file coords_15.cif (mmCIF, C-alpha atoms and all ligand atoms)
data_my_file
#
loop_
_atom_site.label_atom_id
_atom_site.label_comp_id
_atom_site.auth_asym_id
_atom_site.auth_seq_id
_atom_site.Cartn_x
_atom_site.Cartn_y
_atom_site.Cartn_z
CA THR A 1 -16.44 -6.26 16.07
CA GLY A 2 -17.51 -8.57 13.27
CA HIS A 3 -15.43 -8.27 10.10
CA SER A 4 -17.03 -7.14 6.84
CA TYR A 5 -15.40 -6.62 3.44
CA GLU A 6 -17.82 -3.75 2.69
CA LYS A 7 -17.16 -1.85 5.90
CA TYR A 8 -14.10 -0.22 7.43
CA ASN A 9 -12.82 -2.51 10.20
CA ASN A 10 -10.95 -1.43 13.35
CA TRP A 11 -7.55 -2.89 14.21
CA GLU A 12 -8.81 -5.47 16.70
CA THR A 13 -11.08 -6.73 13.93
CA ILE A 14 -8.37 -6.66 11.26
CA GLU A 15 -5.99 -8.52 13.55
CA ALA A 16 -8.60 -11.21 14.23
CA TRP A 17 -9.18 -11.40 10.48
CA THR A 18 -5.51 -12.06 9.63
CA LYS A 19 -5.63 -15.06 11.94
CA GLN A 20 -8.99 -16.29 10.65
CA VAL A 21 -8.30 -15.98 6.93
CA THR A 22 -4.97 -17.76 7.47
CA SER A 23 -6.51 -20.64 9.41
CA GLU A 24 -9.19 -21.03 6.74
CA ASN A 25 -6.69 -21.10 3.88
CA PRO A 26 -3.54 -22.97 5.05
CA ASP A 27 -2.26 -23.89 1.58
CA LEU A 28 -2.81 -20.39 0.22
CA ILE A 29 -1.91 -18.04 3.09
CA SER A 30 0.75 -17.87 5.79
CA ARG A 31 0.98 -15.12 8.41
CA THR A 32 4.03 -13.67 10.11
CA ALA A 33 4.88 -10.41 11.84
CA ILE A 34 7.73 -8.25 10.57
CA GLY A 35 7.92 -5.99 13.59
CA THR A 36 6.08 -4.09 16.28
CA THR A 37 4.74 -0.55 16.23
CA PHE A 38 5.72 2.22 18.66
CA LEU A 39 2.72 1.33 20.85
CA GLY A 40 3.38 -2.38 20.67
CA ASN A 41 1.01 -3.60 17.98
CA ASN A 42 2.03 -6.48 15.70
CA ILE A 43 2.80 -5.62 12.07
CA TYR A 44 1.30 -8.63 10.28
CA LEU A 45 2.37 -9.75 6.83
CA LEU A 46 0.34 -12.20 4.76
CA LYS A 47 2.07 -14.37 2.21
CA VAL A 48 -0.55 -15.26 -0.38
CA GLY A 49 0.10 -17.94 -3.00
CA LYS A 50 0.69 -21.66 -3.55
CA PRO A 51 3.98 -22.52 -1.82
CA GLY A 52 6.87 -23.73 -3.92
CA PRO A 53 10.67 -23.42 -4.44
CA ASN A 54 12.36 -20.18 -5.50
CA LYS A 55 9.16 -18.25 -6.17
CA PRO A 56 9.31 -14.58 -7.22
CA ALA A 57 7.09 -12.20 -5.29
CA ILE A 58 5.13 -8.97 -5.47
CA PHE A 59 4.98 -6.85 -2.32
CA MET A 60 1.93 -4.72 -1.53
CA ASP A 61 1.24 -2.67 1.58
CA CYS A 62 -1.74 -0.66 2.77
CA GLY A 63 -2.36 1.85 5.54
CA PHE A 64 0.85 3.88 5.47
CA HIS A 65 -1.38 6.87 6.20
CA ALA A 66 -3.88 6.40 9.00
CA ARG A 67 -6.86 8.36 7.62
CA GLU A 68 -6.80 6.68 4.19
CA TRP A 69 -9.28 4.00 5.20
CA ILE A 70 -10.07 2.72 1.70
CA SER A 71 -6.41 1.62 1.50
CA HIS A 72 -6.77 -0.80 4.43
CA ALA A 73 -10.04 -2.02 2.95
CA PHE A 74 -8.42 -2.82 -0.36
CA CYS A 75 -5.74 -5.08 1.10
CA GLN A 76 -8.41 -7.16 2.82
CA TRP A 77 -10.50 -7.26 -0.36
CA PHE A 78 -7.52 -8.46 -2.37
CA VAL A 79 -6.89 -11.38 -0.03
CA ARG A 80 -10.44 -12.72 -0.23
CA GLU A 81 -10.57 -12.33 -4.01
CA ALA A 82 -7.33 -14.30 -4.26
CA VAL A 83 -8.63 -17.22 -2.20
CA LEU A 84 -12.15 -17.18 -3.68
CA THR A 85 -11.09 -17.23 -7.32
CA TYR A 86 -8.04 -19.49 -7.13
CA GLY A 87 -8.79 -22.49 -9.31
CA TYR A 88 -11.67 -20.82 -11.14
CA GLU A 89 -10.30 -17.67 -12.77
CA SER A 90 -7.37 -18.43 -15.06
CA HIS A 91 -5.29 -15.35 -14.31
CA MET A 92 -5.48 -15.39 -10.51
CA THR A 93 -4.87 -19.14 -10.63
CA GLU A 94 -1.68 -18.60 -12.60
CA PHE A 95 -0.58 -15.69 -10.39
CA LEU A 96 -0.78 -17.73 -7.18
CA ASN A 97 0.86 -20.78 -8.76
CA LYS A 98 3.84 -18.81 -10.09
CA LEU A 99 4.40 -16.01 -7.59
CA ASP A 100 3.75 -15.00 -4.00
CA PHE A 101 1.93 -11.83 -2.96
CA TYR A 102 3.23 -10.30 0.24
CA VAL A 103 0.28 -8.30 1.54
CA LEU A 104 0.83 -5.99 4.50
CA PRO A 105 -2.71 -5.07 5.60
CA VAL A 106 -1.83 -2.12 7.83
CA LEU A 107 1.62 -0.58 8.27
CA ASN A 108 0.82 2.39 10.50
CA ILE A 109 -1.38 0.57 13.01
CA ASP A 110 -0.94 3.10 15.80
CA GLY A 111 -2.17 5.95 13.64
CA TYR A 112 -5.07 3.85 12.39
CA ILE A 113 -6.21 3.17 15.93
CA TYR A 114 -5.97 6.90 16.58
CA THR A 115 -8.28 7.66 13.63
CA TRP A 116 -10.81 5.27 15.17
CA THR A 117 -10.60 6.68 18.69
CA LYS A 118 -9.60 10.35 18.69
CA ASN A 119 -8.98 11.99 15.33
CA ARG A 120 -10.39 10.70 12.05
CA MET A 121 -7.96 12.92 10.11
CA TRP A 122 -4.73 11.72 11.74
CA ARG A 123 -2.09 10.57 9.26
CA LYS A 124 1.29 10.19 10.98
CA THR A 125 2.62 7.53 13.32
CA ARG A 126 2.09 8.07 17.06
CA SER A 127 5.69 8.05 18.29
CA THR A 128 6.95 10.70 20.70
CA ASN A 129 9.49 13.35 19.64
CA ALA A 130 12.36 14.78 21.67
CA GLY A 131 11.98 18.30 22.98
CA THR A 132 8.30 18.69 22.15
CA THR A 133 4.80 17.42 22.92
CA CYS A 134 4.04 17.09 19.20
CA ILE A 135 3.43 13.51 18.12
CA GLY A 136 4.26 11.45 15.09
CA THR A 137 6.28 11.18 11.91
CA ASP A 138 4.96 10.85 8.36
CA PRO A 139 6.05 7.29 7.55
CA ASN A 140 6.06 8.06 3.83
CA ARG A 141 8.71 10.72 4.32
CA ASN A 142 10.80 8.51 6.59
CA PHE A 143 12.57 6.37 3.99
CA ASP A 144 16.14 6.78 2.77
CA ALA A 145 15.28 8.35 -0.59
CA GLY A 146 16.59 11.89 -0.87
CA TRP A 147 15.50 11.91 2.75
CA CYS A 148 13.94 15.18 3.95
CA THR A 149 15.46 17.20 1.07
CA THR A 150 12.18 18.35 -0.48
CA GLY A 151 8.45 18.44 0.16
CA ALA A 152 9.01 17.61 3.83
CA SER A 153 9.25 19.32 7.21
CA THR A 154 11.87 19.02 9.95
CA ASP A 155 9.36 20.15 12.59
CA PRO A 156 7.70 17.28 14.56
CA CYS A 157 4.56 19.42 14.83
CA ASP A 158 3.93 19.29 11.07
CA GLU A 159 1.91 16.69 9.17
CA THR A 160 4.83 16.07 6.82
CA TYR A 161 7.54 15.66 9.47
CA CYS A 162 10.24 13.48 7.98
CA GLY A 163 11.31 12.06 11.33
CA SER A 164 14.49 12.43 13.39
CA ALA A 165 16.39 10.28 10.88
CA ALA A 166 15.57 8.01 7.95
CA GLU A 167 13.87 4.87 9.30
CA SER A 168 13.50 6.45 12.74
CA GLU A 169 10.04 4.87 12.92
CA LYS A 170 9.81 1.27 14.12
CA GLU A 171 7.23 0.67 11.38
CA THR A 172 9.29 1.97 8.48
CA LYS A 173 12.46 0.29 9.74
CA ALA A 174 10.53 -3.00 9.93
CA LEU A 175 9.27 -2.66 6.36
CA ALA A 176 12.65 -1.64 4.94
CA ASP A 177 14.31 -4.47 6.86
CA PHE A 178 11.93 -6.98 5.29
CA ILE A 179 12.36 -5.66 1.76
CA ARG A 180 16.16 -5.60 2.11
CA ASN A 181 16.09 -9.20 3.31
CA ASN A 182 14.00 -10.29 0.33
CA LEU A 183 15.40 -8.27 -2.59
CA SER A 184 16.25 -11.37 -4.60
CA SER A 185 12.59 -12.36 -4.88
CA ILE A 186 10.55 -9.15 -4.76
CA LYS A 187 9.97 -8.08 -8.36
CA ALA A 188 7.47 -5.31 -7.73
CA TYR A 189 6.44 -2.95 -4.96
CA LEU A 190 2.88 -1.60 -4.72
CA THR A 191 1.86 0.83 -2.00
CA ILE A 192 -1.81 1.71 -1.61
CA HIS A 193 -2.99 5.21 -0.64
CA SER A 194 -5.93 7.56 -1.15
CA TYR A 195 -7.08 9.85 -2.48
CA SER A 196 -6.72 11.42 -5.96
CA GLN A 197 -7.15 8.56 -8.45
CA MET A 198 -3.57 8.28 -9.70
CA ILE A 199 -0.87 5.72 -10.33
CA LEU A 200 2.50 7.23 -9.44
CA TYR A 201 5.97 5.89 -10.15
CA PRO A 202 9.44 7.29 -9.30
CA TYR A 203 10.62 9.79 -8.67
CA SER A 204 9.01 12.10 -6.15
CA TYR A 205 12.15 13.17 -4.29
CA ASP A 206 13.64 14.64 -7.45
CA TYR A 207 12.55 15.61 -10.97
CA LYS A 208 14.97 13.14 -12.58
CA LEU A 209 13.33 10.19 -14.33
CA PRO A 210 13.92 6.48 -13.66
CA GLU A 211 15.96 4.60 -16.27
CA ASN A 212 12.85 2.65 -17.28
CA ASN A 213 10.35 5.51 -17.24
CA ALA A 214 9.04 4.81 -20.75
CA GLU A 215 8.18 1.27 -19.67
CA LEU A 216 6.65 2.46 -16.39
CA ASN A 217 4.58 5.07 -18.22
CA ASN A 218 3.22 2.49 -20.69
CA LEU A 219 2.37 0.09 -17.86
CA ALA A 220 0.64 2.78 -15.80
CA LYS A 221 -1.25 3.88 -18.92
CA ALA A 222 -2.45 0.34 -19.59
CA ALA A 223 -3.37 -0.20 -15.95
CA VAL A 224 -5.57 2.91 -15.73
CA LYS A 225 -7.28 1.91 -18.99
CA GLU A 226 -8.09 -1.49 -17.45
CA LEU A 227 -9.35 0.11 -14.26
CA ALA A 228 -11.70 2.39 -16.21
CA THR A 229 -13.48 -0.50 -17.97
CA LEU A 230 -15.65 -1.28 -14.95
CA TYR A 231 -17.21 2.04 -13.88
CA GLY A 232 -15.46 4.63 -16.03
CA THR A 233 -13.33 5.90 -13.15
CA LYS A 234 -10.56 8.12 -14.49
CA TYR A 235 -6.99 7.92 -13.20
CA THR A 236 -3.97 10.00 -14.12
CA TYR A 237 -0.42 8.69 -13.92
CA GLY A 238 3.25 9.56 -14.15
CA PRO A 239 6.34 10.35 -12.06
CA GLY A 240 5.34 11.52 -8.59
CA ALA A 241 7.18 14.85 -8.75
CA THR A 242 5.25 16.22 -11.74
CA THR A 243 2.04 14.25 -11.30
CA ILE A 244 1.29 15.48 -7.77
CA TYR A 245 4.25 17.39 -6.35
CA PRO A 246 7.80 16.68 -5.12
CA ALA A 247 8.16 14.86 -1.82
CA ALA A 248 11.23 13.04 -0.52
CA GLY A 249 11.47 10.00 1.70
CA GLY A 250 8.79 7.87 0.06
CA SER A 251 8.76 4.07 0.05
CA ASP A 252 8.12 3.73 -3.68
CA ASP A 253 11.27 5.73 -4.52
CA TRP A 254 13.34 3.87 -1.93
CA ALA A 255 12.17 0.47 -3.14
CA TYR A 256 12.97 1.45 -6.71
CA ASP A 257 16.50 2.51 -5.79
CA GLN A 258 16.91 -0.87 -4.07
CA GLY A 259 16.48 -2.39 -7.51
CA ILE A 260 12.76 -3.16 -7.51
CA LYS A 261 12.11 -1.93 -11.03
CA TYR A 262 8.34 -1.95 -10.82
CA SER A 263 7.38 0.40 -8.00
CA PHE A 264 4.00 2.15 -7.86
CA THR A 265 1.98 4.29 -5.49
CA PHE A 266 -1.76 3.92 -6.00
CA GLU A 267 -4.00 6.79 -4.92
CA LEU A 268 -7.56 5.44 -4.86
CA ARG A 269 -10.98 7.18 -4.96
CA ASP A 270 -12.05 9.79 -4.99
CA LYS A 271 -11.03 13.21 -6.35
CA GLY A 272 -11.97 15.29 -3.32
CA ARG A 273 -15.75 15.16 -3.02
CA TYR A 274 -15.40 12.96 0.06
CA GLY A 275 -11.61 12.80 0.14
CA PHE A 276 -10.27 10.61 2.94
CA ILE A 277 -13.78 10.03 4.28
CA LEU A 278 -14.88 7.78 1.40
CA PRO A 279 -18.28 6.28 2.28
CA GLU A 280 -18.45 2.54 2.95
CA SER A 281 -20.95 2.39 0.09
CA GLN A 282 -18.05 2.88 -2.32
CA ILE A 283 -15.79 0.17 -0.90
CA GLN A 284 -16.96 -2.58 -3.25
CA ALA A 285 -16.82 -0.56 -6.48
CA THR A 286 -13.46 1.00 -5.60
CA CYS A 287 -11.89 -2.32 -4.64
CA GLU A 288 -13.29 -4.12 -7.67
CA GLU A 289 -11.90 -1.62 -10.18
CA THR A 290 -8.58 -1.38 -8.35
CA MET A 291 -8.27 -5.17 -8.52
CA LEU A 292 -8.20 -4.91 -12.31
CA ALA A 293 -5.22 -2.55 -12.34
CA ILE A 294 -3.34 -4.59 -9.73
CA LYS A 295 -3.91 -7.79 -11.69
CA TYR A 296 -2.85 -6.09 -14.94
CA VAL A 297 0.42 -5.01 -13.33
CA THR A 298 0.91 -8.47 -11.85
CA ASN A 299 0.46 -10.18 -15.21
CA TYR A 300 2.90 -7.75 -16.83
CA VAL A 301 5.53 -8.35 -14.15
CA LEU A 302 5.09 -12.12 -14.46
CA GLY A 303 5.62 -11.90 -18.21
CA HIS A 304 8.74 -9.81 -17.70
CA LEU A 305 11.02 -11.86 -15.46
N1 LIG A 401 7.14 9.16 -2.85
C1 LIG A 401 5.95 9.72 -3.04
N2 LIG A 401 5.02 9.10 -3.77
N3 LIG A 401 5.71 10.93 -2.50
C2 LIG A 401 4.54 11.58 -2.61
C3 LIG A 401 4.37 12.56 -3.62
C4 LIG A 401 3.17 13.32 -3.67
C5 LIG A 401 2.15 13.11 -2.71
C6 LIG A 401 2.32 12.12 -1.69
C7 LIG A 401 1.30 11.95 -0.54
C8 LIG A 401 -0.16 11.98 -1.07
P1 LIG A 401 -1.28 11.27 0.17
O1 LIG A 401 -1.08 9.81 0.16
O2 LIG A 401 -1.19 11.98 1.45
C9 LIG A 401 -2.93 11.60 -0.52
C10 LIG A 401 -3.20 13.10 -0.64
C11 LIG A 401 -4.62 13.37 -1.12
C12 LIG A 401 -4.87 14.87 -1.34
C13 LIG A 401 -4.89 15.40 -2.66
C14 LIG A 401 -5.12 16.78 -2.86
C15 LIG A 401 -5.34 17.64 -1.75
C16 LIG A 401 -5.31 17.11 -0.43
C17 LIG A 401 -5.08 15.73 -0.22
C18 LIG A 401 1.55 13.08 0.49
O3 LIG A 401 1.02 14.21 0.29
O4 LIG A 401 2.29 12.80 1.45
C19 LIG A 401 3.52 11.36 -1.65
ZN ZN A 402 -1.17 8.59 1.70
#
call {"tool": "encode", "arguments": {"input": "coords_15.cif", "output": "structure tokens"}}
result
Amino acid sequence: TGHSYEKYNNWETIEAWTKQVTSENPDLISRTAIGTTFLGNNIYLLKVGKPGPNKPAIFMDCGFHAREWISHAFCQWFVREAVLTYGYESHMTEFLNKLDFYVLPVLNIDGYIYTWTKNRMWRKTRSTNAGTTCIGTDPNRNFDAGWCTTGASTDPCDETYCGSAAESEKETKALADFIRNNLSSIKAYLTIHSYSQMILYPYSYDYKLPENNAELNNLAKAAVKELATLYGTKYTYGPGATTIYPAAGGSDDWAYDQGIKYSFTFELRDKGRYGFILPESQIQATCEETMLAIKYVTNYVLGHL
């Protein structure tokens, strides 16, 4: 039950943590909920930064995919590092003064609970589907970006089911609703996954390249170089379609086509030795090196608005 930053925490524990870290840091963190899940859990959002007028923001979510436990761990790690180093480390101090980080600790809460209780390898949501006993939609194929046109299934029984319609899932509708309602301020979108050690940018739903792909490639390149300084961990990077494989309906592509010009999917450790079942013993090293890339991106975005 007790929360630890070097262990994977269950939802009850993460929920208690969002309340605790917010009460302990009132001038640095506010908590709201942006929606409920299919099974009635609260989708918490943390706003991290020193409040002020007309602040730009960066949006980061974790836990799209239930089994990718290091993703959830990173969002929690980020929040503590922000509050611990504010006022002492120049860069984080400037970040929190000038912008807000929206941190969504766990999007697909229902699936995450399922990985703790029944099936460690679950990935989808846990919503019911008409006409079948098969459960769940892949939330990262459920966005309105070339929806269900490639790299996706129309069968609810498949792991890549794109859903009955774009934003059919309460969770993805809640996230899209929030982003749409905050487009004027959100300057970047970061979505945290594992595994494969990559930084992806648009597009995945099509082989076409984003208008600013040269810029996005240079930024990804610089970010993976920064990440490698700590433990030598090697990341690859590029447009999703060629860097992994085509897949429609992803939140990074959707956010980009909303006008959020800096949109990245992070795939964290490792490369397949442990895969989704990354040992807790690697949480600290993974989070620490990932922090460097996230901060590099953040500084770049701040210098380009
Ligand atoms: N919009 C996007 N970024 N779409 C996208 C493109 C390629 C891959 C993915 C995800 C990757 P993921 O988050 O589950 C991590 C997959 C890790 C992996 C890697 C190799 C073999 C088996 C498993 C997917 O397969 O749904 C999304
Ligand atoms: Zn994933």
call {"tool": "residues_around", "arguments": {"input": "coords_15.cif", "residues": "region 274-286 of chain A", "least_positions_apart": "2", "cutoff": "7 Å", "atoms": "all atoms listed in the file", "output": "compact mmCIF listing (two decimals) with C-alpha atoms, in the frame of the given file"}}
result
# COMPACT_ATOMS: atom_id res chain seq x y z
CA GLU A 6 -17.82 -3.75 2.69
CA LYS A 7 -17.16 -1.85 5.90
CA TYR A 8 -14.10 -0.22 7.43
CA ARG A 67 -6.86 8.36 7.62
CA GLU A 68 -6.80 6.68 4.19
CA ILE A 70 -10.07 2.72 1.70
CA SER A 194 -5.93 7.56 -1.15
CA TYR A 195 -7.08 9.85 -2.48
CA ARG A 269 -10.98 7.18 -4.96
CA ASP A 270 -12.05 9.79 -4.99
CA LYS A 271 -11.03 13.21 -6.35
CA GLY A 272 -11.97 15.29 -3.32
CA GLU A 288 -13.29 -4.12 -7.67
CA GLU A 289 -11.90 -1.62 -10.18
CA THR A 290 -8.58 -1.38 -8.35
call {"tool": "closest_residue", "arguments": {"input": "coords_15.cif", "among": "A:5, A:59, A:64, A:112", "to": "residue 171 (chain A)", "atoms": "only C-alpha atoms"}}
result
A:64
call {"tool": "residues_near_ligand", "arguments": {"input": "coords_15.cif", "ligand": "ligand LIG 401 (chain A)", "cutoff": "7 Å", "atoms": "all atoms listed in the file", "output": "PDB file with C-alpha atoms, in the coordinates of the input"}}
result
ATOM      1  CA  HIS A  65      -1.380   6.870   6.200  1.00  0.00           C
ATOM      2  CA  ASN A 140       6.060   8.060   3.830  1.00  0.00           C
ATOM      3  CA  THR A 160       4.830  16.070   6.820  1.00  0.00           C
ATOM      4  CA  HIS A 193      -2.990   5.210  -0.640  1.00  0.00           C
ATOM      5  CA  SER A 194      -5.930   7.560  -1.150  1.00  0.00           C
ATOM      6  CA  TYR A 195      -7.080   9.850  -2.480  1.00  0.00           C
ATOM      7  CA  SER A 196      -6.720  11.420  -5.960  1.00  0.00           C
ATOM      8  CA  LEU A 200       2.500   7.230  -9.440  1.00  0.00           C
ATOM      9  CA  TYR A 203      10.620   9.790  -8.670  1.00  0.00           C
ATOM     10  CA  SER A 204       9.010  12.100  -6.150  1.00  0.00           C
ATOM     11  CA  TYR A 205      12.150  13.170  -4.290  1.00  0.00           C
ATOM     12  CA  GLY A 240       5.340  11.520  -8.590  1.00  0.00           C
ATOM     13  CA  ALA A 241       7.180  14.850  -8.750  1.00  0.00           C
ATOM     14  CA  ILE A 244       1.290  15.480  -7.770  1.00  0.00           C
ATOM     15  CA  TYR A 245       4.250  17.390  -6.350  1.00  0.00           C
ATOM     16  CA  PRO A 246       7.800  16.680  -5.120  1.00  0.00           C
ATOM     17  CA  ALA A 247       8.160  14.860  -1.820  1.00  0.00           C
ATOM     18  CA  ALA A 248      11.230  13.040  -0.520  1.00  0.00           C
ATOM     19  CA  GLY A 249      11.470  10.000   1.700  1.00  0.00           C
ATOM     20  CA  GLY A 250       8.790   7.870   0.060  1.00  0.00           C
ATOM     21  CA  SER A 251       8.760   4.070   0.050  1.00  0.00           C
ATOM     22  CA  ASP A 252       8.120   3.730  -3.680  1.00  0.00           C
ATOM     23  CA  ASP A 253      11.270   5.730  -4.520  1.00  0.00           C
ATOM     24  CA  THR A 265       1.980   4.290  -5.490  1.00  0.00           C
ATOM     25  CA  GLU A 267      -4.000   6.790  -4.920  1.00  0.00           C
TER      26      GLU A 267
END
call {"tool": "closest_residue", "arguments": {"input": "coords_15.cif", "among": "A:263, A:154, A:293, A:303", "to": "residue 221 (chain A)", "atoms": "only C-alpha atoms"}}
result
A:293
call {"tool": "atom_distance", "arguments": {"input": "coords_15.cif", "atom1": "CA of residue 208 (chain A)", "atom2": "CA of residue 236 (chain A)"}}
result
19.3 Å
call {"tool": "residues_around", "arguments": {"input": "coords_15.cif", "residues": "residue 105 (chain A)", "least_positions_apart": "3", "cutoff": "10 Å", "atoms": "only C-alpha atoms", "output": "list in words"}}
result
residues 14, 15, 18, 43, 44, 45, 46, 60, 61, 62, 63, 64, 71, 72, 73, 74, 75, 76, 78, 79, 102, 108, 109 and 192 of chain A
call {"tool": "write_last_selection", "arguments": {"input": "coords_15.cif", "atoms": "C-alpha atoms", "output": "CSV table (one decimal), in the frame of the given file"}}
result
chain,number,residue,atom,x,y,z
A,14,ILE,CA,-8.4,-6.7,11.3
A,15,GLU,CA,-6.0,-8.5,13.6
A,18,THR,CA,-5.5,-12.1,9.6
A,43,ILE,CA,2.8,-5.6,12.1
A,44,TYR,CA,1.3,-8.6,10.3
A,45,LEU,CA,2.4,-9.8,6.8
A,46,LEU,CA,0.3,-12.2,4.8
A,60,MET,CA,1.9,-4.7,-1.5
A,61,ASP,CA,1.2,-2.7,1.6
A,62,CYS,CA,-1.7,-0.7,2.8
A,63,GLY,CA,-2.4,1.8,5.5
A,64,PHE,CA,0.8,3.9,5.5
A,71,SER,CA,-6.4,1.6,1.5
A,72,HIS,CA,-6.8,-0.8,4.4
A,73,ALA,CA,-10.0,-2.0,3.0
A,74,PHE,CA,-8.4,-2.8,-0.4
A,75,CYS,CA,-5.7,-5.1,1.1
A,76,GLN,CA,-8.4,-7.2,2.8
A,78,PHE,CA,-7.5,-8.5,-2.4
A,79,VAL,CA,-6.9,-11.4,0.0
A,102,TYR,CA,3.2,-10.3,0.2
A,108,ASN,CA,0.8,2.4,10.5
A,109,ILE,CA,-1.4,0.6,13.0
A,192,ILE,CA,-1.8,1.7,-1.6
call {"tool": "closest_residue", "arguments": {"input": "coords_15.cif", "among": "A:107, A:222, A:58, A:21", "to": "ligand ZN 402 (chain A)", "atoms": "only C-alpha atoms and all ligand atoms"}}
result
A:107
call {"tool": "closest_residue", "arguments": {"input": "coords_15.cif", "among": "A:20, A:164, A:191, A:128", "to": "ligand ZN 402 (chain A)", "atoms": "only C-alpha atoms and all ligand atoms"}}
result
A:191
call {"tool": "residues_around", "arguments": {"input": "coords_15.cif", "residues": "residue 86 (chain A)", "least_positions_apart": "3", "cutoff": "10 Å", "atoms": "only C-alpha atoms", "output": "JSON, numbers by chain"}}
result
{"A": [28, 49, 50, 80, 81, 82, 83, 89, 90, 91, 92, 93, 94, 95, 96, 97]}
call {"tool": "atom_distance", "arguments": {"input": "coords_15.cif", "atom1": "CA of residue 264 (chain A)", "atom2": "CA of residue 135 (chain A)"}}
result
28.4 Å
call {"tool": "atom_distance", "arguments": {"input": "coords_15.cif", "atom1": "CA of residue 56 (chain A)", "atom2": "CA of residue 98 (chain A)"}}
result
7.5 Å
call {"tool": "decode", "arguments": {"input": "coords_15.cif", "residues": "region 268-279 of chain A", "atoms": "N, CA, C and O atoms", "output": "PDB file, in the first residue's frame"}}
result
ATOM      1  N   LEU A 268      10.221   3.696 -23.602  1.00  0.00           N
ATOM      2  CA  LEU A 268      11.318   3.598 -22.645  1.00  0.00           C
ATOM      3  C   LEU A 268      11.977   2.209 -22.665  1.00  0.00           C
ATOM      4  O   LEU A 268      11.716   1.407 -23.563  1.00  0.00           O
ATOM      5  N   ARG A 269      12.846   1.936 -21.691  1.00  0.00           N
ATOM      6  CA  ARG A 269      13.559   0.653 -21.633  1.00  0.00           C
ATOM      7  C   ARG A 269      12.583  -0.511 -21.564  1.00  0.00           C
ATOM      8  O   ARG A 269      11.457  -0.346 -21.101  1.00  0.00           O
ATOM      9  N   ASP A 270      13.014  -1.692 -22.008  1.00  0.00           N
ATOM     10  CA  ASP A 270      14.326  -1.880 -22.619  1.00  0.00           C
ATOM     11  C   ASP A 270      14.169  -2.191 -24.107  1.00  0.00           C
ATOM     12  O   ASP A 270      13.338  -1.580 -24.781  1.00  0.00           O
ATOM     13  N   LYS A 271      14.960  -3.133 -24.617  1.00  0.00           N
ATOM     14  CA  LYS A 271      14.876  -3.510 -26.028  1.00  0.00           C
ATOM     15  C   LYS A 271      14.303  -4.914 -26.235  1.00  0.00           C
ATOM     16  O   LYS A 271      14.333  -5.444 -27.343  1.00  0.00           O
ATOM     17  N   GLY A 272      13.780  -5.515 -25.173  1.00  0.00           N
ATOM     18  CA  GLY A 272      13.138  -6.807 -25.327  1.00  0.00           C
ATOM     19  C   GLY A 272      13.645  -7.896 -24.402  1.00  0.00           C
ATOM     20  O   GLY A 272      13.030  -8.954 -24.309  1.00  0.00           O
ATOM     21  N   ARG A 273      14.755  -7.656 -23.714  1.00  0.00           N
ATOM     22  CA  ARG A 273      15.232  -8.630 -22.737  1.00  0.00           C
ATOM     23  C   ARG A 273      14.156  -8.918 -21.698  1.00  0.00           C
ATOM     24  O   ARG A 273      13.781 -10.073 -21.482  1.00  0.00           O
ATOM     25  N   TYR A 274      13.656  -7.864 -21.057  1.00  0.00           N
ATOM     26  CA  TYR A 274      12.528  -8.000 -20.137  1.00  0.00           C
ATOM     27  C   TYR A 274      11.220  -7.484 -20.737  1.00  0.00           C
ATOM     28  O   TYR A 274      10.140  -7.894 -20.320  1.00  0.00           O
ATOM     29  N   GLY A 275      11.317  -6.577 -21.706  1.00  0.00           N
ATOM     30  CA  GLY A 275      10.117  -6.102 -22.373  1.00  0.00           C
ATOM     31  C   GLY A 275       9.239  -5.291 -21.440  1.00  0.00           C
ATOM     32  O   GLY A 275       9.716  -4.362 -20.783  1.00  0.00           O
ATOM     33  N   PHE A 276       7.960  -5.643 -21.368  1.00  0.00           N
ATOM     34  CA  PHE A 276       7.024  -4.896 -20.534  1.00  0.00           C
ATOM     35  C   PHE A 276       7.262  -5.159 -19.054  1.00  0.00           C
ATOM     36  O   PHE A 276       6.830  -4.381 -18.204  1.00  0.00           O
ATOM     37  N   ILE A 277       7.936  -6.261 -18.746  1.00  0.00           N
ATOM     38  CA  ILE A 277       8.124  -6.653 -17.352  1.00  0.00           C
ATOM     39  C   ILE A 277       9.493  -6.160 -16.874  1.00  0.00           C
ATOM     40  O   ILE A 277      10.330  -6.944 -16.415  1.00  0.00           O
ATOM     41  N   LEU A 278       9.716  -4.853 -16.997  1.00  0.00           N
ATOM     42  CA  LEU A 278      10.995  -4.261 -16.605  1.00  0.00           C
ATOM     43  C   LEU A 278      11.105  -4.343 -15.090  1.00  0.00           C
ATOM     44  O   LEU A 278      10.214  -3.904 -14.373  1.00  0.00           O
ATOM     45  N   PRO A 279      12.207  -4.912 -14.583  1.00  0.00           N
ATOM     46  CA  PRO A 279      12.359  -5.062 -13.131  1.00  0.00           C
ATOM     47  C   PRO A 279      12.367  -3.713 -12.424  1.00  0.00           C
ATOM     48  O   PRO A 279      12.800  -2.715 -12.986  1.00  0.00           O
TER      49      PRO A 279
END
